[PDB]
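With the entry's author numbering as the guide, the letters of the sequence shown map in order to residues 1 to 52, 52A, 53 to 82, 82A to 82C, 83 to 100, 100A to 100F, 101 to 113.
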Amino acid sequence: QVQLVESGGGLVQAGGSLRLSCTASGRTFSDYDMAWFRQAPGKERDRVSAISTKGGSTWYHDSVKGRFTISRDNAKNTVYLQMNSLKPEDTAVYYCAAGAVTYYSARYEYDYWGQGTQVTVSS
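Right, dumping it as structure tokens:
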């Protein structure tokens, strides 16, 4: 059994902060690139942040750059998403993901996923 266990969620006031986390169990995930996806009401689940195996390289969706920080603690098989200056626009179910796979150029699928957690930002 190899699990990617998600922790977090909640209601946050506009301008506020929230940290989400995922801890993998059953194998090292230090092998894998990781990401955070979000799925806003009526939309598709889309990749919002990505990190390399040792965190030397990060990627951010344009709407979260400067405000969100993806980091990972490999000694703990754990990944984080630190969200600052939250806007109502960031209301979504957030999922962590690990083990990047690409079939079509620049389209990433993931081997393991968190169960998802709701993050709501009030106006």
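Note that the Cβ used here is the ideal one computed from N, Cα and C, for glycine as well.
| Query | Result |
| --- | --- |
| Could you have a look at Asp46 and say whether DSSP puts it in helix, strand or coil? | strand |
| Using the DSSP secondary-structure output, state which residues sit across from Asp72 in a beta bridge. | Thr77 |
| Does the Cβ-Cβ distance between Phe29 and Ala93 come in under 8 Å? | no |
| If you count every other CB in all the chains shown that lies within 10 Å of the CB of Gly104, and 16 or more means buried, which is it? | buried |
| Assuming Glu6 and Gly106 form a contact by the criterion Cβ under 8 Å, report the distance between their Cβ atoms to the nearest whole angstrom. | 7 Å |
| What's the C-alpha gap between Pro41 and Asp31? | 33 Å |
| With distances taken Cα to Cα, identify the nearest neighbour of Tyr100F among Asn82A, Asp46, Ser21, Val111. | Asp46 |
| Terminal residues of the continuous beta strand (DSSP E) containing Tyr59? | 57-59 |
| Is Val109 closer than 8 Å to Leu18 when the C-beta atoms are compared? | yes |
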